[PDB]
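Engineer: Quick one: experimental structure and sequence below.
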Amino acid sequence: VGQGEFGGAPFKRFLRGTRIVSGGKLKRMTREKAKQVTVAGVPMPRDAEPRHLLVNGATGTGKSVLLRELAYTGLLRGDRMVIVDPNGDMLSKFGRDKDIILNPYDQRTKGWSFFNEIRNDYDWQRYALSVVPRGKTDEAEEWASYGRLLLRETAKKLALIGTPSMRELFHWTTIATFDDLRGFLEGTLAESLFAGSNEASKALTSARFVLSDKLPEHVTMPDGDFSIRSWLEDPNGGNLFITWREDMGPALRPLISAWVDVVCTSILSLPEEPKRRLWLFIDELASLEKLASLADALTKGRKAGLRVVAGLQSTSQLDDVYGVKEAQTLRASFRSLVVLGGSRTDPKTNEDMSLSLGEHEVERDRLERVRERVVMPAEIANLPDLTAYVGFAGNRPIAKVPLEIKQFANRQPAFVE
Amino acid sequence: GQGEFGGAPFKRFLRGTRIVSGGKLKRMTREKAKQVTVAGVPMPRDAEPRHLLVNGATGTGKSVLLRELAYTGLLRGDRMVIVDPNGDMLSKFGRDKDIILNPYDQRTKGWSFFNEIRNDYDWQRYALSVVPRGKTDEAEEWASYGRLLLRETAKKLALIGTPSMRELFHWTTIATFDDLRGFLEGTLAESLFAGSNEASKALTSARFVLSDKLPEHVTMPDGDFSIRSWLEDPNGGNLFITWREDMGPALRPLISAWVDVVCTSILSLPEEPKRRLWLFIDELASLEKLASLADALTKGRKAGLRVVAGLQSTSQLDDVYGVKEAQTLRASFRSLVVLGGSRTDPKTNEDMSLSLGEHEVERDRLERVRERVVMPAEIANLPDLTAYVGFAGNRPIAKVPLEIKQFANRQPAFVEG
Amino acid sequence: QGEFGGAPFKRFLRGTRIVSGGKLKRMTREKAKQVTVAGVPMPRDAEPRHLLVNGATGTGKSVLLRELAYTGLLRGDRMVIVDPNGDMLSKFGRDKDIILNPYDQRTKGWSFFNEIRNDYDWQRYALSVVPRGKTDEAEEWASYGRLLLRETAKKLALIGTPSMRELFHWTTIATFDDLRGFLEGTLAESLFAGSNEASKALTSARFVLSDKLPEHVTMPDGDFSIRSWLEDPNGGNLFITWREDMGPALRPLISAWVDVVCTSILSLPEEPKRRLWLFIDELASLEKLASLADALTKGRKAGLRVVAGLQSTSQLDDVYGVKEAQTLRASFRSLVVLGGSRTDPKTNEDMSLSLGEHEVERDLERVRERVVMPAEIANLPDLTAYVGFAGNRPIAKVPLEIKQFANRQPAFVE
Amino acid sequence: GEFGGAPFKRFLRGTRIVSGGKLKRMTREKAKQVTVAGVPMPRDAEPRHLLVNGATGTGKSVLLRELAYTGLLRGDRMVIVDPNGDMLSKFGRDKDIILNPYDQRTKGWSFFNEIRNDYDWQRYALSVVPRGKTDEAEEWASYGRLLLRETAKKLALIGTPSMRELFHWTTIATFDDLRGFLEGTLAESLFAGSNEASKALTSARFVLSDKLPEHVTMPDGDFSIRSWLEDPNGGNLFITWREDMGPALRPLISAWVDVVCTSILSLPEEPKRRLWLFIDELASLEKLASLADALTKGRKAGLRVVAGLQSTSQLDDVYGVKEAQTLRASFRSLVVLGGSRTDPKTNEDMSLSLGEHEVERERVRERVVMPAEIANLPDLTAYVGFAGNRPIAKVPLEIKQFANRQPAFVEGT
Ligand SMILES: Nc1ncnc2c1ncn2[C@@H]1O[C@H](COP(=O)(O)OP(=O)(O)NP(=O)(O)O)[C@@H](O)[C@H]1O
Ligand SMILES: Nc1ncnc2c1ncn2[C@@H]1O[C@H](COP(=O)(O)OP(=O)(O)NP(=O)(O)O)[C@@H](O)[C@H]1O
Ligand SMILES: Nc1ncnc2c1ncn2[C@@H]1O[C@H](COP(=O)(O)OP(=O)(O)NP(=O)(O)O)[C@@H](O)[C@H]1O
Ligand SMILES: Nc1ncnc2c1ncn2[C@@H]1O[C@H](COP(=O)(O)OP(=O)(O)NP(=O)(O)O)[C@@H](O)[C@H]1O
Ligand SMILES: [Cl-]
């Protein structure tokens, strides 16, 4: 009782805890009436979709294969999605004519400015958050905030005087002299705030530095009227691919983090639509900045129909980015998890997964109760590629399934220009 | 099951890490194509770009192994870069078409970071290599100011046709605040470094930093060698980064820069499925907090990057990269070699024992037991030239003897300038 | 039994193994001339892998280090001895041997300038003179200090006046401006001027130097060179001594010397026949040394053999920091445990654990247990220690005997 | 038998406990020894120091009192951090010394009285200016010491070793004046040149203003703790104070305690010397700067320290956890008196310090004394574990009576 399924010694009777079942057994169990999507070949419980999925695993284990499969099936079902797509891979395979591209250096990119998303006044601070993500440390954040003040008041004015120019915004916030800026600032809320003491000056200095760090890309970005918000609202909008070339990843980190974040806040204003189904594919959560909206999005987007799919390698990554406490909370927001198997050199993360997978209490022969890990950390480290454990959200058993490499023809060039 | 497992033989293996005899393993791993060897064991082709981490105390044979690894890899005709202390590898394997980087060696190439700038984004990219990551939060803040100063200055110098390192150095650490300030007019850094005491303070920080790093970069012989181009040239040969131990502390920042340079550069190389590149970082913990190693270890699969690094105690790398980042770092090496350490370092021994893994077994008193395949004590009592080899993925581990193959000197290790 | 403290067993499976003193003595015995640790002959190959002698006060750390030294001398090995109250000196002092003690008639004249030979040597030793800062912040000032130091000293050297008095004057006495002036032309010229931060940096540096330099200044002058000494074969031995009521005063000086050797040995012409010992009676009593680390890692070629003493884990920890202290201890492959106090269970555990556990089969039931319990360590009688040489060797509990040595020289003079 | 847990068939290894009497016999030696709760202390365990830990009212007094008495009967000399002149009123003789700025019988003292060589200046600024609790605190502390030592040095130089003047310059004189006064001294430059320099000075001021007070208001004299130590017929020293002034005197007392700690290190080697340092409550003093080495190098001097502790958290907070551990580790002999059930952490620490044993009944490794056993201890009942390879024992402390041969306090004139 517990073979081909459980890795440990077969037992006599299951008492309580996590239940592990064979791949097949699971594939039936989860199969439902409606059209569903697949995770490693397993039919995903329709109700698990807006509970978000977290795919953890080492490098080269198949995260791609999986999210790719996941994306395809969701398409065959006609779902819309946003894909943090590195090197436009997803694009070249699934990209369609009516779909959108965000890549400041790609011939096909859309013209965009965060201005293109302001619709109410509260929207100013709202997006200053997407542009200027959260500071890694308290101190860093403090500066970050000053930056958002400067940003929002400046852009607010430029807009008012009919010149919503990123170049202009950049100039003022990082080039104009202190005094000139100060002058420009007269009339806006920031007028006083940034003057009166050394502290005040210091604060302004910090704001400048941050903006000079984030804005660069936002400026050199091709101009247009494209609105991520509007796009979301348009049914026939199509899909969105945020692509970039790997050797520039660090340079775009802030921009992309903005976009991704934009979406995370934007979806929250979308009009009540029970039929909407949107996917957010963030290949590597840890490689983006400490997003400001992600949190709530993973918590209040069920109504909008948001389905997030993110991947990770070591737990230490997201921790260092979001902070220990904040990282915990964030992960905890993904109700469904996939374990792809990691390296032996990282025993701590293998333990985390082993434990996330859970224990079970069993009655075994010689009678004796035993409480034990369903999957040992060892088992996870020793996993061969394209093999993973799938534990869907809620009350469902878990199973070890093989990942198959379906082939997809390239229906578009990954990059242009 | 004796002769391979140190504990009590057992009746049946249930799950977890499995250990096997040296030979047994050597057969299992043996493949059709030409492979390389780790302590005599043929390394599975697929595990090569998953990187190898060799951990072990001093005098245990880290050299002998890396030496073997390198040799075998050359016989197959692979290219490589070697952080080579005291030109050891050089004097044994160096050929005439090979490259040498050592500011104090008659044979070195002429180089400056300028030689690697090809696009605008390349400025910050390399300022990162030049100015490695700071050890503390504060530290890095300073480091960032340094890079700003560095990149804007160097950019201008280049612009006005005088890409001089001596010039750059002058400006950044010699020129008076004002003069420098003047020179920066017109560059992005013009305003950012002026306006409040904070602004001034920031500049002072950058000066200090650059004054610390640049030194060696200047006194470096001039030439036009480009690590980038080198990487792109097939008949390019190999690269040896050598130095005499008494000067290790002095070159740490330059070497770290080169190493890093490689780490970032291979990310821009044109698609070549036939490429095989090795990076030998004799002792990862001795370099600075490299800014690109991470992604290198994660996205260099299709560039064909294969990294081999050595470590002694876990506290070493921890102290350099920080506990969270170090975890992530080590976790990026899929294959591991445990050489055995000191009884004065139980912590590290524990970590290695644990990384090796536990197993669940069934023994005759039946008896289920979960236990460490390799005891911490076993590692501390290992005799030299003896080590556990646990190749990436799903494979058993084995305790193998390392043998001292002799290599004739086919070149002088150092040639005073 | 008689060898293992716990219950005798049926069969040894894996892990650490303990044996009888004599049995071990047999095992470690080699052909060539060897030295001894508590009477046990040390494996020639274990020598450059250093030895850490841990134990409580009065347990016999001296008796041991004393014995080790003697045997090594009988073999003709050279050595440096961080020797407190010149005890080691009075016993083994030779006429051709060197003494470093600013308050001893027989000391040699020394200035750190005496070790500069190339340009990279300036920072190299600023490191030895100005050890590492206990805290991150502390160290930051320390860096400033070394900048000020190296640039100043470098210039003084240039203008042909390598005076420690001048140097001290400039770096802690001259007015800010004057100094600033003197600095014109040197790399430090700009770095210490331009903003309040820049001046703060300077200030910090000043305080540092004013704390370290003192003893260096009041030190008898001469041309002696630790480096040179190291290169000279007929050189003899080096005793770094001092009177205990002045230890704190000299701590930075001594720490400087110790370190200087630590970096120095790294430049010596390779000589497979060289055998040098570094006796740092109490590692934790010095400053956070800047070279010690690499010394314990790259000195096999030079033939460096370090022997240090320690009491509580917390000590070294407090000085080098937890992470650094781990690394540091880990660098000594051979260990001796002398047994400590009941009042320190934490260190006792550390020792117990370092000694290791073993897996055994007994009357079948098999068990995993510590070869030596912390309690065993705590109840150890004096002149009794566990010897666990580096590598794959069993450990043994041996008695340390008090051999007597006649005083062939005065410990202190004048 | 005397073992709290279940009787066993055979002892294998670890801590061994025995009956009071049995121990009393084993420990008994030829020469004259002293007694810890009735048990004669192994002479060789004396310079290894004794740590007596116990909750309030468990008998700490009765013990140190006993210890002290038998020591005097042997003719040993000693120093006693004696709160409210308790020990004094009982053992004080005519030839013994007293240090209490508010007692008619106190001696006249200034730290100047201990300066004999140049290194002696910093040496004692350390005693006067204990170590700072935090890293930042100690930073200030060092500035203070610089100011202190440079100033006092000069006043001494110019022939006016006045504590009143010293106090004036360091906390009263204006910045400039002070600045002026310092010209010529090493501190001349150090404290000027930038805001950082001025900030350092401001800090040094404050520190001094915190420590010096009592040192000033202290009755002047020529007494020298150093000289006292060197003088054989010197007698005994009693550092006493009234409990309601303990916080105010904390710095001065710590100073004295510390002074001794450094000073004994200079004494000429005298194989016959036997000195005791009684610090009733170690955690009550400041972060002593010399205590450490004293507990490690005072064997030659014949120093014997005895300190008392309550909660491990006290000492930790004062000396820092790392440092606290080291310090505690320095006493080889320990006495556990039993504490509150409201402090299980320390109970554990003590239980653990007492140790485990491996016994045969099956083999079992267990604590010789449970944390609970320690919390449920009745008063005047303690465990004794002398330094070295010795068993421990649960022994009863009896209240011997001592006649008052001198008034505890004498606020006079
Ligand atoms: N076209 C293909 N042919 C064969 N095997 C493939 C192919 N694509 C992927 N694989 C296998 O799946 C693995 C990679 O899975 P994947 O999900 O791409 O990993 P990743 O960590 O996300 N990225 P990468 O390291 O670039 O492979 C490879 O190591 C192969 O074993
Ligand atoms: N040519 C050789 N002859 C004999 N033994 C050798 C030789 N090369 C290596 N060894 C052995 O292997 C050990 C050194 O291995 P190695 O990998 O160089 O150690 P390491 O820690 O990397 N450096 P090191 O401390 O300098 O030896 C020596 O202590 C010898 O026992
Ligand atoms: N000349 C000697 N004659 C007799 N016994 C000695 C002698 N030297 C040391 N001992 C014994 O060894 C013990 C001290 O050993 P030792 O190695 O000096 O300890 P330590 O901690 O290094 N320093 P110390 O406390 O000063 O003795 C003493 O308690 C004596 O029992
Ligand atoms: N003359 C006495 N008669 C009876 N019992 C006494 C006498 N003196 C002390 N005791 C007992 O012993 C206890 C105090 O012991 P002691 O060692 O003074 O405690 P302490 O914690 O050091 N100081 P304290 O709290 O002041 O008692 C008292 O609570 C009594 O139970
Ligand atoms: Cl006077």
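Structural biologist: Okay, I see it. Numbering: from 1, shown residues only, chains lettered A, B, ... in the order given. Ligands and ions are numbered 1, 2, ... in the order given.
Engineer: Enumerate the positions of stretch A:22-41 that are buried.
Structural biologist: A:23, A:26-27, A:29-30, A:36-41 (16 or more other CB atoms under 10 Å in any protein chain shown). The C-beta positions use only the backbone N, C-alpha and C, and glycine is treated the same way.
Engineer: Which member of those is positioned nearest residue A:173?
Structural biologist: residue A:37 (43.6 Å; CB to CB).
Engineer: from what I can see that closest one touches residue A:45, true?
Structural biologist: No: the criterion here is CB atoms under 8 Å, and residue A:37 misses it with residue A:45 at 10.1 Å.
Engineer: Now do the same contact list for the residue lying closest to residue A:345 once chain neighbours are set aside.
Structural biologist: With CB to CB, 6 or more residues apart in numbering or on different chains as the criterion, residue A:345 has its nearest non-adjacent residue at 4.7 Å, and that residue is residue B:330. By CB atoms under 8 Å, 6 or more residues apart in numbering or on different chains, residue B:330 lies in contact with A:345-346, B:53, B:311, B:317.
Engineer: Could you do residue A:13 as well?
Structural biologist: So, once contact is read as CB under 8 Å, 6+ apart, residue A:13 ends up touching A:1, A:362-363.
Engineer: Where neighbours are concerned, which of those has the most?
Structural biologist: With neighbours taken as other CB atoms under 10 Å in any protein chain shown, the top of these is residue A:362, carrying 24 neighbours.
Engineer: how is chain A carved up into domains?
Structural biologist: With domains defined by curated CATH domains, chain A comprises A:1-111+A:225-416, A:112-224.
Engineer: Would you convert the ones you listed into TSV that also reports distance to ligand 3?
Structural biologist: Shown next, in TSV, are the domains of chain A (distance: least, CB to the nearest ligand atom, whole Å):
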stretch	distance to ligand 3
domain A:1-111+A:225-416	40
domain A:112-224	46
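Engineer: could those domains be laid out in a markdown table, adding distance to residue B:413?
Structural biologist: Putting these into a markdown table (distance: least, CB to CB, whole Å) gives the following:
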| stretch | distance to residue B:413 |
| --- | --- |
| domain A:1-111+A:225-416 | 32 |
| domain A:112-224 | 43 |
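Engineer: Relative to residue B:130, which of those is closest?
Structural biologist: So among these, domain A:1-111+A:225-416 is nearest, using CB to CB, at 14.9 Å.
Engineer: before we move on, back to that, which of the contacts of residue A:13 fall within strands?
Structural biologist: Secondary structure assignment (DSSP state E) places A:362-363 from these within strands.
Engineer: Which residues of chain A lie near ligand 1?
Structural biologist: A:59-65, A:385-386, A:405 (CB under 6 Å from any ligand atom).
Engineer: any chance you could map the strands in chain A?
Structural biologist: A:13-17, A:38-39, A:42-43, A:53-56, A:80-86, A:100-102, A:240-244, A:278-282, A:306-312, A:336-339, A:359-364, A:368-373, A:387-391, A:399-402.
Engineer: Around the residue nearest to residue A:126 when sequence neighbours are not counted, how many other residues sit close by?
Structural biologist: Excluding the flanking residues, the one nearest residue A:126 by CB to CB, 6+ apart is residue A:265, at 6.1 Å. By other CB under 10 Å, the residues close to residue A:265 number 22.
Engineer: about what we covered before: out of the strands of chain A, nearest to residue A:173?
Structural biologist: Of all those, strand A:100-102 comes closest under CB to CB, at 22.9 Å.
Engineer: for the closest one, packing partners?
Structural biologist: strand A:240-244 (3 or more CB pairs under 8 Å, 6 or more residues apart in numbering or on different chains; DSSP states H and E).
Engineer: What is the strand it packs on packed up against?
Structural biologist: Against strand A:240-244 (3+ CB pairs under 8 Å, 6+ apart) you get strand A:80-86, helix A:89-94, strand A:100-102, helix A:249-266.
Engineer: and if we set it to 10 Å?
Structural biologist: strand A:80-86, helix A:89-94, strand A:100-102, helix A:228-233, helix A:249-266, strand A:278-282 (3 or more CB pairs under 10 Å, 6 or more residues apart in numbering or on different chains; DSSP states H and E).
Engineer: could you pull out the helices for the stretch 1-150 of chain A?
Structural biologist: A:23-30, A:63-76, A:89-94, A:123-131, A:138-160 (DSSP state H, counting those that start in this stretch).
Engineer: In JSON lines: these, plus distance to residue B:234.
Structural biologist: Converted to JSON lines, the helices of the stretch 1-150 of chain A look like this (distance: least, CB to CB, whole Å):
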{"stretch": "helix A:23-30", "distance to residue B:234": "45"}
{"stretch": "helix A:63-76", "distance to residue B:234": "29"}
{"stretch": "helix A:89-94", "distance to residue B:234": "27"}
{"stretch": "helix A:123-131", "distance to residue B:234": "44"}
{"stretch": "helix A:138-160", "distance to residue B:234": "44"}
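Engineer: before we move on, back to that, weed out the non-buried ones from the residues of chain A next to ligand 1.
Structural biologist: Among the residues of chain A next to ligand 1, those classed as buried by 16+ other CB under 10 Å are A:59-65, A:385-386.
Engineer: closest to residue A:185 among the residues of chain A next to ligand 1?
Structural biologist: Taking those together and measuring to residue A:185 by CB to CB, the closest member is residue A:63, at 46.7 Å.
Engineer: Might one say that that closest one is in contact with residue A:340?
Structural biologist: Yes: counting by CB atoms under 10 Å, residue A:63 touches residue A:340, with 6.4 Å between them.
Engineer: what touches both of these two?
Structural biologist: Listed as contacting both residue A:63 and residue A:340 by CB atoms under 10 Å, 6 or more residues apart in numbering or on different chains are A:55-57, A:311-313, A:388, A:403.
Engineer: Who are the contact partners of whichever residue of chain A sits closest to ligand 1?
Structural biologist: Going by CB to the nearest ligand atom, ligand 1 is nearest to residue A:64 of chain A, at 2.9 Å. Counting by CB under 10 Å, 6+ apart, residue A:64 touches A:86, A:89-90, A:283, A:311, A:403, A:405.
Engineer: could you dump these to a markdown table with distance to residue B:128?
Structural biologist: Putting these into a markdown table (distance: CB to CB, whole Å) gives the following:
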| residue | distance to residue B:128 |
| --- | --- |
| A:86 | 20 |
| A:89 | 26 |
| A:90 | 28 |
| A:283 | 23 |
| A:311 | 25 |
| A:403 | 35 |
| A:405 | 35 |
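Engineer: Buried only: go through the residues you listed for me.
Structural biologist: Buried, going by 16+ other CB under 10 Å: A:86, A:89-90, A:283, A:311, A:403, out of the contacts of residue A:64.
Engineer: Among the residues you listed, which one lies nearest to residue B:295?
Structural biologist: The closest of the buried ones among the contacts of residue A:64, once distances to residue B:295 are taken by CB to CB, is residue A:86, at 11.0 Å.
Engineer: from memory that closest one sits against residue A:253, does it?
Structural biologist: No: if you go by CB under 10 Å, residue A:86 and residue A:253 don't touch, sitting 11.7 Å apart.
Engineer: Now for the two: what residues contact both?
Structural biologist: The contact sets of residue A:86 and residue A:253 overlap at A:244, A:287 (CB under 10 Å, 6+ apart).
Engineer: Nearest residue to the middle of chain A?
Structural biologist: Centroid check for chain A by CA atoms, centre = their mean gives residue A:282 as the closest residue, at 3.8 Å.
Engineer: and residue A:183, how many residues sit next to it?
Structural biologist: 12.
Engineer: Residue in the stretch 251-400 of chain A with the shortest distance to chain B?
Structural biologist: Going by CB to the nearest CB, chain B is nearest to residue A:346 of the stretch 251-400 of chain A, at 3.2 Å.
Engineer: Can you tell me the closest non-neighbouring residue to that residue?
Structural biologist: Nearest one to residue A:346, counting by CB to CB, 6+ apart, is residue B:331 at 3.2 Å.
Engineer: tell me the contacts of residue A:148?
Structural biologist: Taking CB under 10 Å, 6+ apart as the test, what residue A:148 contacts is A:124-125, A:127-129, A:131-132, A:207, A:210-211, A:292.
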